[PDB]
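A.B. asks: See query.cif below, with mmCIF, N, CA and C atoms.
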data_entry
loop_
_atom_site.label_atom_id
_atom_site.label_comp_id
_atom_site.auth_asym_id
_atom_site.auth_seq_id
_atom_site.Cartn_x
_atom_site.Cartn_y
_atom_site.Cartn_z
N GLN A 1 0.82 -1.20 0.00
CA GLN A 1 0.00 0.00 0.00
C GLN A 1 0.86 1.26 0.00
N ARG A 2 1.99 1.21 0.70
CA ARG A 2 2.95 2.30 0.63
C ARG A 2 3.54 2.42 -0.77
N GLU A 3 3.94 1.29 -1.36
CA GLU A 3 4.29 1.20 -2.78
C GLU A 3 3.21 1.77 -3.68
N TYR A 4 1.95 1.46 -3.38
CA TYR A 4 0.80 1.94 -4.12
C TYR A 4 0.73 3.46 -4.13
N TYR A 5 0.70 4.08 -2.95
CA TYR A 5 0.59 5.54 -2.91
C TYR A 5 1.85 6.21 -3.43
N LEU A 6 3.02 5.60 -3.24
CA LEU A 6 4.25 6.23 -3.73
C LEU A 6 4.36 6.17 -5.25
N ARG A 7 4.02 5.04 -5.87
CA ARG A 7 4.03 5.02 -7.33
C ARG A 7 2.86 5.83 -7.89
N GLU A 8 1.79 6.03 -7.10
CA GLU A 8 0.74 6.94 -7.55
C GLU A 8 1.16 8.40 -7.50
N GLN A 9 1.89 8.84 -6.46
CA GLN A 9 2.40 10.21 -6.49
C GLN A 9 3.53 10.35 -7.50
N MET A 10 4.21 9.25 -7.82
CA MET A 10 5.20 9.28 -8.88
C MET A 10 4.54 9.45 -10.24
N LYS A 11 3.37 8.85 -10.44
CA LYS A 11 2.63 9.12 -11.67
C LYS A 11 2.01 10.51 -11.64
N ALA A 12 1.72 11.02 -10.44
CA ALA A 12 1.21 12.38 -10.30
C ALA A 12 2.26 13.40 -10.71
N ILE A 13 3.51 13.22 -10.27
CA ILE A 13 4.56 14.15 -10.69
C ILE A 13 4.93 13.90 -12.15
N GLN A 14 4.70 12.68 -12.65
CA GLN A 14 4.91 12.39 -14.06
C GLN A 14 3.95 13.17 -14.95
N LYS A 15 2.66 13.18 -14.62
CA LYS A 15 1.72 13.98 -15.38
C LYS A 15 1.89 15.47 -15.06
N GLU A 16 2.43 15.79 -13.88
CA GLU A 16 2.63 17.17 -13.48
C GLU A 16 3.73 17.83 -14.30
N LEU A 17 4.80 17.09 -14.61
CA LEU A 17 5.88 17.71 -15.36
C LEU A 17 5.69 17.52 -16.86
N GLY A 18 5.47 16.29 -17.30
CA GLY A 18 5.27 16.01 -18.70
C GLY A 18 3.92 16.49 -19.22
N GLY A 19 3.88 16.72 -20.53
CA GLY A 19 2.62 17.02 -21.21
C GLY A 19 1.98 15.80 -21.84
N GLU A 20 2.73 15.06 -22.64
CA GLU A 20 2.43 13.66 -22.89
C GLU A 20 3.27 12.87 -21.89
N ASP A 21 2.95 11.60 -21.69
CA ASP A 21 3.54 10.85 -20.58
C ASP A 21 4.72 9.99 -21.04
N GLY A 22 5.29 10.37 -22.18
CA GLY A 22 6.60 9.91 -22.62
C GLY A 22 6.82 8.42 -22.77
N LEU A 23 5.96 7.73 -23.53
CA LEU A 23 6.02 6.30 -23.83
C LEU A 23 5.99 5.44 -22.58
N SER A 24 4.84 5.46 -21.89
CA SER A 24 4.45 4.45 -20.90
C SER A 24 5.45 4.31 -19.76
N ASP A 25 5.59 5.33 -18.94
CA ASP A 25 6.68 5.34 -17.98
C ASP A 25 6.40 4.42 -16.80
N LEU A 26 6.97 3.22 -16.86
CA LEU A 26 7.15 2.30 -15.73
C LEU A 26 5.83 1.71 -15.21
N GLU A 27 4.70 1.96 -15.87
CA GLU A 27 3.47 1.67 -15.14
C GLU A 27 3.06 0.20 -15.18
N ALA A 28 2.96 -0.43 -16.35
CA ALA A 28 2.13 -1.63 -16.51
C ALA A 28 2.69 -2.88 -15.83
N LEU A 29 3.79 -2.76 -15.11
CA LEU A 29 4.62 -3.91 -14.78
C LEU A 29 3.98 -4.71 -13.67
N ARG A 30 2.97 -4.14 -13.07
CA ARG A 30 2.10 -4.84 -12.16
C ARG A 30 1.39 -6.00 -12.84
N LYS A 31 0.82 -5.79 -14.04
CA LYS A 31 -0.16 -6.73 -14.58
C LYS A 31 0.24 -7.36 -15.90
N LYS A 32 1.13 -6.74 -16.68
CA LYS A 32 1.57 -7.44 -17.88
C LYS A 32 2.54 -8.57 -17.57
N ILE A 33 3.25 -8.49 -16.45
CA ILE A 33 4.16 -9.56 -16.04
C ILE A 33 3.42 -10.66 -15.28
N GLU A 34 2.35 -10.31 -14.56
CA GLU A 34 1.68 -11.28 -13.69
C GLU A 34 0.90 -12.33 -14.48
N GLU A 35 0.72 -12.13 -15.78
CA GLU A 35 -0.08 -13.04 -16.59
C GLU A 35 0.72 -13.82 -17.63
N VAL A 36 1.86 -13.32 -18.09
CA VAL A 36 2.71 -14.13 -18.96
C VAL A 36 3.55 -15.05 -18.08
N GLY A 37 3.31 -16.36 -18.20
CA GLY A 37 4.02 -17.36 -17.41
C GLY A 37 3.78 -17.19 -15.92
N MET A 38 4.86 -17.13 -15.13
CA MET A 38 6.25 -17.36 -15.55
C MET A 38 6.92 -18.11 -14.39
N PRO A 39 8.14 -18.64 -14.57
CA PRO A 39 8.89 -19.11 -13.41
C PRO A 39 9.18 -17.98 -12.42
N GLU A 40 9.22 -18.34 -11.14
CA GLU A 40 9.34 -17.34 -10.08
C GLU A 40 10.72 -16.69 -10.07
N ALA A 41 11.75 -17.43 -10.49
CA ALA A 41 13.08 -16.83 -10.64
C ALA A 41 13.08 -15.78 -11.75
N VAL A 42 12.36 -16.06 -12.85
CA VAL A 42 12.20 -15.10 -13.93
C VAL A 42 11.40 -13.89 -13.45
N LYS A 43 10.41 -14.11 -12.57
CA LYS A 43 9.62 -13.00 -12.04
C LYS A 43 10.45 -12.12 -11.11
N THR A 44 11.30 -12.73 -10.28
CA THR A 44 12.15 -11.95 -9.39
C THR A 44 13.20 -11.16 -10.16
N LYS A 45 13.82 -11.77 -11.17
CA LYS A 45 14.77 -11.02 -12.00
C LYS A 45 14.05 -9.96 -12.82
N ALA A 46 12.78 -10.21 -13.15
CA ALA A 46 11.97 -9.21 -13.83
C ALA A 46 11.75 -7.99 -12.95
N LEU A 47 11.24 -8.18 -11.72
CA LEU A 47 11.07 -7.07 -10.77
C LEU A 47 12.39 -6.37 -10.45
N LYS A 48 13.50 -7.11 -10.35
CA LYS A 48 14.81 -6.48 -10.14
C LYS A 48 15.31 -5.78 -11.40
N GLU A 49 14.64 -6.01 -12.54
CA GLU A 49 14.70 -5.08 -13.66
C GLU A 49 13.50 -4.13 -13.70
N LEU A 50 12.36 -4.48 -13.08
CA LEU A 50 11.21 -3.57 -13.11
C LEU A 50 11.35 -2.47 -12.07
N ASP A 51 11.82 -2.82 -10.88
CA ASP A 51 11.68 -1.90 -9.77
C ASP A 51 12.81 -0.87 -9.73
N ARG A 52 13.59 -0.75 -10.80
CA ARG A 52 14.70 0.21 -10.78
C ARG A 52 14.62 1.21 -11.91
N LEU A 53 13.58 1.16 -12.74
CA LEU A 53 13.39 2.06 -13.87
C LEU A 53 12.86 3.42 -13.48
N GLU A 54 12.99 3.81 -12.21
CA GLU A 54 12.79 5.19 -11.80
C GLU A 54 13.96 6.09 -12.20
N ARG A 55 14.94 5.56 -12.96
CA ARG A 55 16.16 6.26 -13.33
C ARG A 55 15.94 7.48 -14.20
N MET A 56 15.54 7.29 -15.46
CA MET A 56 15.36 8.40 -16.38
C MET A 56 14.18 8.11 -17.29
N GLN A 57 13.63 9.16 -17.88
CA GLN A 57 12.55 9.06 -18.84
C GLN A 57 12.99 9.28 -20.28
N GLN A 58 13.81 10.29 -20.54
CA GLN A 58 14.19 10.74 -21.87
C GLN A 58 15.30 9.86 -22.46
N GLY A 59 15.63 10.15 -23.71
CA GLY A 59 16.66 9.39 -24.40
C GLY A 59 16.16 7.99 -24.70
N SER A 60 16.97 6.97 -24.41
CA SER A 60 18.35 7.08 -23.93
C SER A 60 19.15 5.93 -24.52
N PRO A 61 20.48 6.02 -24.50
CA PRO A 61 21.31 4.84 -24.74
C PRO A 61 21.42 3.89 -23.56
N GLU A 62 20.61 4.05 -22.51
CA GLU A 62 20.65 3.18 -21.34
C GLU A 62 19.30 2.59 -20.96
N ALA A 63 18.22 3.37 -21.04
CA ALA A 63 16.92 2.90 -20.57
C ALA A 63 16.09 2.27 -21.68
N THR A 64 16.28 2.70 -22.94
CA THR A 64 15.59 2.06 -24.05
C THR A 64 16.11 0.65 -24.31
N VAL A 65 17.39 0.41 -24.03
CA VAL A 65 17.95 -0.94 -24.13
C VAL A 65 17.29 -1.85 -23.10
N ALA A 66 17.12 -1.35 -21.88
CA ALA A 66 16.44 -2.13 -20.84
C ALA A 66 14.95 -2.29 -21.14
N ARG A 67 14.35 -1.32 -21.83
CA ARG A 67 12.95 -1.47 -22.20
C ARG A 67 12.77 -2.53 -23.29
N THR A 68 13.68 -2.57 -24.27
CA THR A 68 13.66 -3.66 -25.25
C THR A 68 13.95 -5.00 -24.59
N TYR A 69 14.81 -5.00 -23.57
CA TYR A 69 15.08 -6.21 -22.79
C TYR A 69 13.82 -6.73 -22.10
N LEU A 70 13.11 -5.85 -21.39
CA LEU A 70 11.91 -6.28 -20.68
C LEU A 70 10.76 -6.60 -21.63
N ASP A 71 10.70 -5.95 -22.80
CA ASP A 71 9.76 -6.36 -23.84
C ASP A 71 10.05 -7.77 -24.33
N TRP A 72 11.31 -8.02 -24.70
CA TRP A 72 11.73 -9.33 -25.18
C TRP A 72 11.55 -10.42 -24.13
N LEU A 73 11.60 -10.05 -22.85
CA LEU A 73 11.34 -11.03 -21.80
C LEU A 73 9.85 -11.22 -21.57
N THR A 74 9.04 -10.17 -21.73
CA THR A 74 7.62 -10.35 -21.43
C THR A 74 6.83 -10.92 -22.59
N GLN B 1 23.69 35.81 -11.05
CA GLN B 1 22.23 35.81 -11.01
C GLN B 1 21.65 36.91 -11.88
N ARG B 2 22.41 38.00 -12.07
CA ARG B 2 22.02 39.02 -13.02
C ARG B 2 21.97 38.46 -14.43
N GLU B 3 23.03 37.77 -14.87
CA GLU B 3 23.05 37.29 -16.25
C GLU B 3 22.10 36.12 -16.43
N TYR B 4 21.82 35.37 -15.36
CA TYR B 4 20.79 34.34 -15.42
C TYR B 4 19.41 34.95 -15.66
N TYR B 5 19.09 36.01 -14.90
CA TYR B 5 17.87 36.78 -15.11
C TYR B 5 17.80 37.33 -16.53
N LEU B 6 18.93 37.81 -17.04
CA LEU B 6 18.95 38.40 -18.37
C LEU B 6 18.76 37.35 -19.46
N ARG B 7 19.39 36.18 -19.30
CA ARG B 7 19.18 35.10 -20.27
C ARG B 7 17.75 34.62 -20.25
N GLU B 8 17.13 34.57 -19.07
CA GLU B 8 15.78 34.04 -19.04
C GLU B 8 14.76 35.05 -19.56
N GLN B 9 14.97 36.36 -19.32
CA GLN B 9 14.06 37.33 -19.92
C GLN B 9 14.23 37.40 -21.44
N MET B 10 15.47 37.26 -21.93
CA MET B 10 15.63 37.30 -23.38
C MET B 10 15.14 36.01 -24.02
N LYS B 11 15.16 34.89 -23.29
CA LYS B 11 14.59 33.68 -23.86
C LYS B 11 13.06 33.75 -23.86
N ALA B 12 12.48 34.45 -22.87
CA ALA B 12 11.06 34.77 -22.89
C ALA B 12 10.67 35.59 -24.11
N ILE B 13 11.43 36.66 -24.39
CA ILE B 13 11.20 37.48 -25.57
C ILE B 13 11.40 36.67 -26.85
N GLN B 14 12.37 35.76 -26.85
CA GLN B 14 12.67 34.98 -28.04
C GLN B 14 11.57 33.98 -28.37
N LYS B 15 10.95 33.35 -27.37
CA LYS B 15 9.87 32.44 -27.73
C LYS B 15 8.54 33.17 -27.84
N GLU B 16 8.51 34.47 -27.50
CA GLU B 16 7.31 35.22 -27.88
C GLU B 16 7.50 35.92 -29.23
N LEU B 17 8.71 35.86 -29.79
CA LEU B 17 8.88 36.22 -31.19
C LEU B 17 8.87 34.99 -32.10
N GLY B 18 8.55 33.82 -31.56
CA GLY B 18 8.49 32.61 -32.34
C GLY B 18 7.08 32.24 -32.76
N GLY B 19 6.28 33.24 -33.13
CA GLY B 19 4.96 32.96 -33.66
C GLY B 19 4.99 32.81 -35.17
N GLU B 20 4.53 31.64 -35.64
CA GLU B 20 4.53 31.11 -37.01
C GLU B 20 5.95 30.73 -37.44
N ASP B 21 6.91 30.92 -36.54
CA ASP B 21 8.28 30.44 -36.72
C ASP B 21 8.50 29.15 -35.94
N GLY B 22 8.28 29.19 -34.62
CA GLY B 22 8.38 28.02 -33.77
C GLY B 22 6.99 27.53 -33.43
N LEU B 23 6.08 28.48 -33.30
CA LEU B 23 4.67 28.17 -33.44
C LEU B 23 4.41 27.81 -34.90
N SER B 24 3.31 27.09 -35.15
CA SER B 24 3.00 26.49 -36.45
C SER B 24 4.14 25.61 -36.95
N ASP B 25 4.40 24.52 -36.19
CA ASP B 25 5.14 23.29 -36.53
C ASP B 25 4.22 22.07 -36.62
N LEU B 26 2.97 22.28 -37.03
CA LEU B 26 1.92 21.29 -36.94
C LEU B 26 1.07 21.29 -38.17
N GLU B 27 1.10 22.35 -38.89
CA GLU B 27 -0.01 22.53 -39.75
C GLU B 27 0.28 21.92 -41.09
N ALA B 28 1.53 21.55 -41.33
CA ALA B 28 1.80 20.64 -42.43
C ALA B 28 1.20 19.26 -42.16
N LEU B 29 1.24 18.83 -40.89
CA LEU B 29 0.59 17.59 -40.44
C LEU B 29 -0.92 17.64 -40.60
N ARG B 30 -1.58 18.76 -40.27
CA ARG B 30 -3.01 18.85 -40.58
C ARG B 30 -3.27 18.90 -42.08
N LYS B 31 -2.34 19.44 -42.87
CA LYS B 31 -2.51 19.41 -44.32
C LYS B 31 -2.45 17.99 -44.86
N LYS B 32 -1.53 17.17 -44.33
CA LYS B 32 -1.21 15.94 -45.03
C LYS B 32 -1.59 14.67 -44.27
N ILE B 33 -2.16 14.76 -43.06
CA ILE B 33 -2.53 13.53 -42.37
C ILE B 33 -4.05 13.36 -42.34
N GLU B 34 -4.81 14.45 -42.50
CA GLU B 34 -6.25 14.38 -42.70
C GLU B 34 -6.63 14.43 -44.18
N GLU B 35 -5.75 13.95 -45.05
CA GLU B 35 -6.07 13.81 -46.46
C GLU B 35 -6.69 12.44 -46.68
N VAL B 36 -6.88 12.07 -47.95
CA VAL B 36 -7.34 10.73 -48.28
C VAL B 36 -6.24 9.72 -47.98
N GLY B 37 -6.62 8.62 -47.34
CA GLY B 37 -5.62 7.69 -46.86
C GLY B 37 -5.72 7.29 -45.41
N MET B 38 -4.78 7.79 -44.59
CA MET B 38 -4.28 7.34 -43.29
C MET B 38 -5.32 6.74 -42.35
N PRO B 39 -5.07 5.53 -41.83
CA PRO B 39 -5.99 4.93 -40.84
C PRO B 39 -5.95 5.64 -39.50
N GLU B 40 -6.81 5.19 -38.58
CA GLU B 40 -6.95 5.84 -37.28
C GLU B 40 -5.76 5.58 -36.36
N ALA B 41 -5.11 4.42 -36.49
CA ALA B 41 -3.88 4.18 -35.75
C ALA B 41 -2.77 5.12 -36.21
N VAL B 42 -2.76 5.45 -37.50
CA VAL B 42 -1.83 6.45 -38.01
C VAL B 42 -2.24 7.84 -37.53
N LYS B 43 -3.53 8.07 -37.30
CA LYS B 43 -3.96 9.31 -36.67
C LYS B 43 -3.46 9.40 -35.23
N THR B 44 -3.43 8.28 -34.52
CA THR B 44 -2.93 8.29 -33.15
C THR B 44 -1.42 8.50 -33.11
N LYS B 45 -0.69 7.77 -33.95
CA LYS B 45 0.77 7.84 -33.90
C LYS B 45 1.29 9.09 -34.60
N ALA B 46 0.46 9.72 -35.43
CA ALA B 46 0.87 10.90 -36.17
C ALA B 46 0.61 12.19 -35.41
N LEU B 47 -0.43 12.24 -34.57
CA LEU B 47 -0.72 13.40 -33.73
C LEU B 47 -0.04 13.30 -32.37
N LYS B 48 1.07 12.57 -32.32
CA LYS B 48 1.82 12.29 -31.11
C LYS B 48 2.67 13.50 -30.72
N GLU B 49 2.81 14.47 -31.62
CA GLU B 49 3.81 15.50 -31.40
C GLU B 49 3.19 16.90 -31.11
N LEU B 50 1.87 17.06 -31.12
CA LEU B 50 1.31 18.38 -30.86
C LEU B 50 1.44 18.78 -29.39
N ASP B 51 1.03 17.90 -28.47
CA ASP B 51 1.12 18.25 -27.06
C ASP B 51 2.41 17.75 -26.41
N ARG B 52 3.44 17.44 -27.19
CA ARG B 52 4.81 17.36 -26.70
C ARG B 52 5.53 18.67 -26.93
N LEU B 53 4.75 19.75 -26.87
CA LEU B 53 5.04 21.06 -27.44
C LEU B 53 6.27 21.73 -26.87
N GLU B 54 6.29 21.99 -25.57
CA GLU B 54 7.17 22.99 -24.96
C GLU B 54 8.57 22.42 -24.74
N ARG B 55 9.14 21.80 -25.78
CA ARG B 55 10.49 21.26 -25.66
C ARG B 55 11.38 21.52 -26.87
N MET B 56 10.91 22.19 -27.93
CA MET B 56 11.79 22.51 -29.05
C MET B 56 12.38 23.91 -28.97
N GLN B 57 11.72 24.83 -28.26
CA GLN B 57 12.32 26.14 -28.02
C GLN B 57 13.14 26.12 -26.74
N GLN B 58 13.18 24.97 -26.08
CA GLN B 58 13.79 24.80 -24.77
C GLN B 58 14.90 23.77 -24.89
N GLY B 59 16.12 24.24 -25.13
CA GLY B 59 17.12 23.34 -25.65
C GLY B 59 17.16 23.45 -27.16
N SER B 60 17.17 22.31 -27.86
CA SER B 60 17.15 20.95 -27.31
C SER B 60 18.05 20.06 -28.16
N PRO B 61 18.50 18.93 -27.61
CA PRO B 61 19.14 17.92 -28.47
C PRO B 61 18.15 17.18 -29.36
N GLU B 62 16.86 17.27 -29.07
CA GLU B 62 15.80 16.59 -29.83
C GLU B 62 14.73 17.59 -30.26
N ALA B 63 15.18 18.77 -30.72
CA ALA B 63 14.26 19.84 -31.09
C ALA B 63 13.75 19.69 -32.52
N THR B 64 14.65 19.68 -33.49
CA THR B 64 14.29 19.69 -34.91
C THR B 64 13.98 18.30 -35.46
N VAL B 65 13.88 17.28 -34.61
CA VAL B 65 13.57 15.94 -35.09
C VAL B 65 12.08 15.81 -35.41
N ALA B 66 11.28 16.82 -35.03
CA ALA B 66 9.85 16.79 -35.28
C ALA B 66 9.52 17.01 -36.75
N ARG B 67 10.14 18.01 -37.39
CA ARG B 67 9.95 18.22 -38.82
C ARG B 67 10.50 17.05 -39.63
N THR B 68 11.58 16.43 -39.15
CA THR B 68 12.12 15.23 -39.80
C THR B 68 11.14 14.07 -39.72
N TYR B 69 10.60 13.82 -38.52
CA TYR B 69 9.65 12.73 -38.31
C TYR B 69 8.38 12.94 -39.11
N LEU B 70 7.89 14.19 -39.18
CA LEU B 70 6.68 14.47 -39.92
C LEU B 70 6.91 14.44 -41.43
N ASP B 71 8.03 15.00 -41.91
CA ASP B 71 8.30 15.00 -43.34
C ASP B 71 8.67 13.62 -43.84
N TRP B 72 9.02 12.70 -42.95
CA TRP B 72 9.23 11.33 -43.39
C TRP B 72 7.98 10.48 -43.17
N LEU B 73 7.07 10.93 -42.29
CA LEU B 73 5.91 10.09 -41.99
C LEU B 73 4.73 10.35 -42.92
N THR B 74 4.36 11.60 -43.16
CA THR B 74 3.08 11.85 -43.82
C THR B 74 3.20 12.09 -45.32
#
Go ahead and express the file in the form of structure tokens.
C.D. replies:
Amino acid sequence: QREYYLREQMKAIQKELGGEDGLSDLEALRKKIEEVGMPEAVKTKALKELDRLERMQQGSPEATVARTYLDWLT
Amino acid sequence: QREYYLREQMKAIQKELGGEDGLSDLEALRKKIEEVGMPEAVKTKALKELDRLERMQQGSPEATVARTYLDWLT
């Protein structure tokens, strides 16, 4: 629930600063991962790739590679 | 802080002299995307750049990529 309100205020500041929301920033990882498969080790490594994408929104040569990674995994 | 104030007031004047220069970066898209042709998904992906507005007079490393994207898309 603390996670809930904190990622909700994080989406609040996301809509507060951005005008468009800049290609789906970090949101869906609650439910698009919970339905494909999966082995629990894959789910834990997924969250340890999901729960750290609070890094940057724009660009990038670093976060788009990880987004293609999590797409290819999901 | 004086020269910071001066740069920001002159940048204010500069984007208020950007009417039909930096303003009207859209209307080629209204000319050529509401013509005969384009499906509604192309309407969604093509009108992606109007309300991403306030970032080409501000900076940018990704300022003039909008005319490139539109002149290659529509």
A.B. asks: Find the spatial neighbours of residue 18 in chain A, counting all atoms listed in the file, within a cut-off of 8 Å - ignore same-chain residues fewer than 6 positions away - and output them as a PDB file with N, CA and C atoms, in the coordinates of the input.
C.D. replies:
ATOM      1  N   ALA A  12       1.720  11.020 -10.440  1.00  0.00           N
ATOM      2  CA  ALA A  12       1.210  12.380 -10.300  1.00  0.00           C
ATOM      3  C   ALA A  12       2.260  13.400 -10.710  1.00  0.00           C
TER       4      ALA A  12
ATOM      5  N   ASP B  51       1.030  17.900 -28.470  1.00  0.00           N
ATOM      6  CA  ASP B  51       1.120  18.250 -27.060  1.00  0.00           C
ATOM      7  C   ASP B  51       2.410  17.750 -26.410  1.00  0.00           C
ATOM      8  N   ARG B  52       3.440  17.440 -27.190  1.00  0.00           N
ATOM      9  CA  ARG B  52       4.810  17.360 -26.700  1.00  0.00           C
ATOM     10  C   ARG B  52       5.530  18.670 -26.930  1.00  0.00           C
TER      11      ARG B  52
END
A.B. asks: Residue by residue, what does the PyMOL selection byres ((chain A) within 8 of (chain B)) grab here? Present the result as a ChimeraX atom specification.
C.D. replies: /A:18-21
A.B. asks: Working over all C-alpha atoms in order, superimpose chain B onto chain A by least squares and state the RMSD in Å.
C.D. replies: 9.7 Å
A.B. asks: Can you work out which one of B:41, B:15, B:46, B:3 has the shortest atom-to-atom distance to residue 74 in chain B, counting all atoms listed in the file?
C.D. replies: B:46
A.B. asks: Atom C of residue 45 in chain B and atom N of residue 22 in chain A, how far apart in Å?
C.D. replies: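 Separation between atom N of residue 22 in chain A and atom C of residue 45 in chain B: 13.1 Å.
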A.B. asks: So the first atom is CA of residue 32 in chain B and the second is CA of residue 68 in chain B; what is the distance between them in Å, to one decimal place?
C.D. replies: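 Separating CA of residue 32 in chain B from CA of residue 68 in chain B is a distance of 14.3 Å.
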A.B. asks: Enumerate the residues of chain A with a DSSP assignment of helix (DSSP H, G or I), computed from the backbone, and present them as a compact mmCIF listing (two decimals) with N, CA and C atoms, keeping the file's coordinate frame.
C.D. replies:
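So states25.txt came out as:
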# COMPACT_ATOMS: atom_id res chain seq x y z
N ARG A 2 1.99 1.21 0.70
CA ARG A 2 2.95 2.30 0.63
C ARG A 2 3.54 2.42 -0.77
N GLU A 3 3.94 1.29 -1.36
CA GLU A 3 4.29 1.20 -2.78
C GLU A 3 3.21 1.77 -3.68
N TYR A 4 1.95 1.46 -3.38
CA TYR A 4 0.80 1.94 -4.12
C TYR A 4 0.73 3.46 -4.13
N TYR A 5 0.70 4.08 -2.95
CA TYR A 5 0.59 5.54 -2.91
C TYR A 5 1.85 6.21 -3.43
N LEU A 6 3.02 5.60 -3.24
CA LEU A 6 4.25 6.23 -3.73
C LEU A 6 4.36 6.17 -5.25
N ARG A 7 4.02 5.04 -5.87
CA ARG A 7 4.03 5.02 -7.33
C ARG A 7 2.86 5.83 -7.89
N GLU A 8 1.79 6.03 -7.10
CA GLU A 8 0.74 6.94 -7.55
C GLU A 8 1.16 8.40 -7.50
N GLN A 9 1.89 8.84 -6.46
CA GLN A 9 2.40 10.21 -6.49
C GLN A 9 3.53 10.35 -7.50
N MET A 10 4.21 9.25 -7.82
CA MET A 10 5.20 9.28 -8.88
C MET A 10 4.54 9.45 -10.24
N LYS A 11 3.37 8.85 -10.44
CA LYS A 11 2.63 9.12 -11.67
C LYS A 11 2.01 10.51 -11.64
N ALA A 12 1.72 11.02 -10.44
CA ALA A 12 1.21 12.38 -10.30
C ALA A 12 2.26 13.40 -10.71
N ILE A 13 3.51 13.22 -10.27
CA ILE A 13 4.56 14.15 -10.69
C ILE A 13 4.93 13.90 -12.15
N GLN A 14 4.70 12.68 -12.65
CA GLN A 14 4.91 12.39 -14.06
C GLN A 14 3.95 13.17 -14.95
N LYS A 15 2.66 13.18 -14.62
CA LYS A 15 1.72 13.98 -15.38
C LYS A 15 1.89 15.47 -15.06
N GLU A 16 2.43 15.79 -13.88
CA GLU A 16 2.63 17.17 -13.48
C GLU A 16 3.73 17.83 -14.30
N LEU A 17 4.80 17.09 -14.61
CA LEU A 17 5.88 17.71 -15.36
C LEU A 17 5.69 17.52 -16.86
N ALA A 28 2.96 -0.43 -16.35
CA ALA A 28 2.13 -1.63 -16.51
C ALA A 28 2.69 -2.88 -15.83
N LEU A 29 3.79 -2.76 -15.11
CA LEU A 29 4.62 -3.91 -14.78
C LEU A 29 3.98 -4.71 -13.67
N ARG A 30 2.97 -4.14 -13.07
CA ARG A 30 2.10 -4.84 -12.16
C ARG A 30 1.39 -6.00 -12.84
N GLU A 40 9.22 -18.34 -11.14
CA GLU A 40 9.34 -17.34 -10.08
C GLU A 40 10.72 -16.69 -10.07
N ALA A 41 11.75 -17.43 -10.49
CA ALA A 41 13.08 -16.83 -10.64
C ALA A 41 13.08 -15.78 -11.75
N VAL A 42 12.36 -16.06 -12.85
CA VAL A 42 12.20 -15.10 -13.93
C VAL A 42 11.40 -13.89 -13.45
N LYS A 43 10.41 -14.11 -12.57
CA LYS A 43 9.62 -13.00 -12.04
C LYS A 43 10.45 -12.12 -11.11
N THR A 44 11.30 -12.73 -10.28
CA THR A 44 12.15 -11.95 -9.39
C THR A 44 13.20 -11.16 -10.16
N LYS A 45 13.82 -11.77 -11.17
CA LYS A 45 14.77 -11.02 -12.00
C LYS A 45 14.05 -9.96 -12.82
N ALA A 46 12.78 -10.21 -13.15
CA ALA A 46 11.97 -9.21 -13.83
C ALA A 46 11.75 -7.99 -12.95
N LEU A 47 11.24 -8.18 -11.72
CA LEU A 47 11.07 -7.07 -10.77
C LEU A 47 12.39 -6.37 -10.45
N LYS A 48 13.50 -7.11 -10.35
CA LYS A 48 14.81 -6.48 -10.14
C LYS A 48 15.31 -5.78 -11.40
N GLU A 49 14.64 -6.01 -12.54
CA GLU A 49 14.70 -5.08 -13.66
C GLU A 49 13.50 -4.13 -13.70
N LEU A 50 12.36 -4.48 -13.08
CA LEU A 50 11.21 -3.57 -13.11
C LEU A 50 11.35 -2.47 -12.07
N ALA A 63 18.22 3.37 -21.04
CA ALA A 63 16.92 2.90 -20.57
C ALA A 63 16.09 2.27 -21.68
N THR A 64 16.28 2.70 -22.94
CA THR A 64 15.59 2.06 -24.05
C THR A 64 16.11 0.65 -24.31
N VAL A 65 17.39 0.41 -24.03
CA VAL A 65 17.95 -0.94 -24.13
C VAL A 65 17.29 -1.85 -23.10
N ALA A 66 17.12 -1.35 -21.88
CA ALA A 66 16.44 -2.13 -20.84
C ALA A 66 14.95 -2.29 -21.14
N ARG A 67 14.35 -1.32 -21.83
CA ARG A 67 12.95 -1.47 -22.20
C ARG A 67 12.77 -2.53 -23.29
N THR A 68 13.68 -2.57 -24.27
CA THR A 68 13.66 -3.66 -25.25
C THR A 68 13.95 -5.00 -24.59
N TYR A 69 14.81 -5.00 -23.57
CA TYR A 69 15.08 -6.21 -22.79
C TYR A 69 13.82 -6.73 -22.10
N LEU A 70 13.11 -5.85 -21.39
CA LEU A 70 11.91 -6.28 -20.68
C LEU A 70 10.76 -6.60 -21.63
N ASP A 71 10.70 -5.95 -22.80
CA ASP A 71 9.76 -6.36 -23.84
C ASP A 71 10.05 -7.77 -24.33
N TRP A 72 11.31 -8.02 -24.70
CA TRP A 72 11.73 -9.33 -25.18
C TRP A 72 11.55 -10.42 -24.13
N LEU A 73 11.60 -10.05 -22.85
CA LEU A 73 11.34 -11.03 -21.80
C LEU A 73 9.85 -11.22 -21.57
A.B. asks: Put a box with edges along x, y and z around all the listed atoms of range 21-31 of chain B, pad it by 6 Å on each side, then give me its centre and sizes in Å, one decimal, as lines of an AutoDock Vina configuration file.
C.D. replies:
center_x = 2.6
center_y = 24.3
center_z = -39.1
size_x = 23.8
size_y = 25.3
size_z = 23.6
A.B. asks: In Å, how far is it from CA of residue 59 in chain A to CA of residue 23 in chain A?
C.D. replies: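 Between CA of residue 59 in chain A and CA of residue 23 in chain A the gap works out to 11.1 Å.
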A.B. asks: Kindly indicate which residue among A:69, A:16, A:43, A:5 lies nearest to residue 31 in chain A, using only C-alpha atoms for the distances.
C.D. replies: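 Ranked by minimum distance to residue 31 in chain A, first place goes to A:43.
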A.B. asks: Grab range 24-33 of chain A from that structure and dump C-alpha atoms to a file, as a short mmCIF file (atom, residue, chain, number, x, y, z; two decimals), in the first residue's frame.
C.D. replies:
data_model
loop_
_atom_site.label_atom_id
_atom_site.label_comp_id
_atom_site.auth_asym_id
_atom_site.auth_seq_id
_atom_site.Cartn_x
_atom_site.Cartn_y
_atom_site.Cartn_z
CA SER A 24 4.45 4.45 -20.90
CA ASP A 25 6.68 5.34 -17.98
CA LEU A 26 7.15 2.30 -15.73
CA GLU A 27 3.47 1.67 -15.14
CA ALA A 28 2.13 -1.63 -16.51
CA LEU A 29 4.62 -3.91 -14.78
CA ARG A 30 2.10 -4.84 -12.16
CA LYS A 31 -0.16 -6.73 -14.58
CA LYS A 32 1.57 -7.44 -17.88
CA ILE A 33 4.16 -9.56 -16.04
#
